Structures are given as structure tokens and as C-alpha cells.
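Starting off, we have a lone chain in the form deposited in one PDB entry, written out as C-alpha cells.
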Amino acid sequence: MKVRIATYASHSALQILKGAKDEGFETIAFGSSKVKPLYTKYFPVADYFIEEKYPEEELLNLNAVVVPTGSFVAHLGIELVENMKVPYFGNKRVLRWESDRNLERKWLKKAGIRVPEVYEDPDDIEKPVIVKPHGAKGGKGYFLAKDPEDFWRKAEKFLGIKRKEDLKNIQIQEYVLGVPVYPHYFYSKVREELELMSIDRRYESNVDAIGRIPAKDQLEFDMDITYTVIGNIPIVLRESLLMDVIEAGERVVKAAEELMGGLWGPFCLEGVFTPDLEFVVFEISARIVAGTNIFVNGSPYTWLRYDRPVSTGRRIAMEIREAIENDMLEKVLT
């Protein structure tokens, strides 16, 4: 193959590079020197390991295309990624649209995706709400309120607000109760086709541990709820829910075509399913997500339509190969 497939050594690089190997590509992992054994010894999936954060020159010399790891932006920064000379699989423009609260909200609104209602004024609260003090640090100080009077009492106790003037830039959001559900999609630019690749339930600490603690013992302590990502658990959905989940993906993709020059490759809608069978989305991740790591040997969904194991990583590699084969590599790269 002409191009080599390269990725940052974290998040889902094992899955991506394995998928790349399975499709006949030579592979490059780049990142921290202490995780080199992971990709070259314990799981030999990288033909080359470069011990640098972003070795632009070596990658250009190796004819690499970079497959954006889920934490690629977080380790390198949005500005550095946007100015990459090394070709990037997917649309670099989506990065600002998925990480900026307001752009993201507009994307989802245009895609007709059910999201939590935002309250600008505390006196407008008619249903239970979650309030998030700025600057939000992974659920730090988050509390619930049921009505305006309840809000102001808690604003006094937890924030020291005694006059309404003094309420300083916060977030008030409809509290949506449901089970976490993370659908994994892939949009093929080559085939102009959306797929559902897999679904997972993200596994988080300490939030998924507290359910093991008796109510009595929880109440004796002032506990700090946290949402650190630890791992991923495979799930399937109830079958009659798939169509709206897939249509949600179509609309997200369609809206991106009009807003940002398009969306292709892997993405995920992160939300909850309510008791009324509503899919409410908290975030879009316009990138591969760690939940896809379960499905190195395919998913209950890919085995519905392929005769072989297809991970999201392999699907990316298939897309790149197919683009080369049809002389349209440049169309899937930015």
C-alpha cells in the first residue's frame, strides 16, 4: 500500500493499528516511550514506534496518514491538530464544532436531536434541574433543584448567594434520568453510507461503584461523585430502538454537510435512554470512542452484515483502502 497508517499511542491505537494490519497497511504508533512495549511486545501491532508527541517530519517521510485517536486532540491541542501538514483521516473542521458548547448545541439542534433543555433564568424552572457551577470540572459541586424557591435556598447554602444580582455565570439544565447508552457509528464518504458499528456502556469511577454502597453508609459521608472513564461494557439495544438511533446519526451527518464541510468516519452520540424510550444526547464525539475497543473481533451488529470480524478500526482501514482503490484518497483526508 502507498500510505502507512499512523496514530497517537493511546485511547484506541491497538484497535486502529490491528485493523490497519488486517487490511494490508504498515503501521506507525507515536507517543510516550513508556507505552512502547504495549504496541510492540504485548500487542505487536505497530511496525514503527516513534517516541515523540507529534513527529511531523518522520510521518511525512513515512507517507503516513493519521487516524485521529479519541484523545489525540486532548494530548496535542486543537490548534496543533488544525495546522498538521500530515494528512488527517476525517474533517479537521469538526473538532471545534464538537468541543465548543455552543457550536455543539447548534449542531444537535439542527440535527433535530433531543437534548436537555437549558435554563438561562432560575425563575423559569418548572421541572427538576441539574445546576453546574463554572468552570465545570468533571461534575464538581453539581446539585439538583426542583423549583425556583428550591434553587435559591441551595444557591445560598452551596454558593453563598444572598442577592440575585450576585449569581455569577452558571449552567442550569433539565435533569434527564436514563440509562447510559453509547451508539458507535461509521459514515463512509467513499460509499456515502452510514453504518451502526457497535454499542457500549461506558464504565466510570466512582459513579458506577456507589450503587454497591448501602444507602445507610452513603449518608454518613459527604461523598464526591466522579465520572472518570475506566473502561467499557458491551451492550445491544432493544431492536425497535435502532431505527431512531440510526436516523439520529443520519441527521447529524446531514447537518454537518451544511455546517462544517461534512462528517465522515467514526462518531458517537453519548446519551441516556429514558423510561419513555427517548434517546437524550449529552454530547457528540465526532471521532472514534473507546467503547469500540470491545469489538476487535466484530460486534453483534457487524456480524449481521459482514462475513468477517469488523472493528471500527478495521472499518477505518477498509475505508482508506477503498479510497485508494477508487482513486479518491484526497476526499477522505483533510
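In this text, rigid core is short for the largest set of C-alphas that superpose within 1.5 Å between two forms. Numbering starts at 1 and follows the sequence shown.
Absent from the display: the form deposited in another entry. The rest refers to it.
* After superposition on the rigid core, does the Cα atom of residue 240 shift by at least 2 Å between the shown form and the other one? -> Shift at residue 240: below 2 Å after core fit.
* **Core-aligned C-alpha movement of residue 80 between the shown form and the other one, 2 Å or more** => Moves: no, less than 2 Å.
* To do: Answer with closer or farther for the CA-CA spacing of residue 218 and residue 140 in that other deposited form compared to the shown form; it moves by 3 Å or more.
  => Relative to this form, farther apart in that other deposited form.
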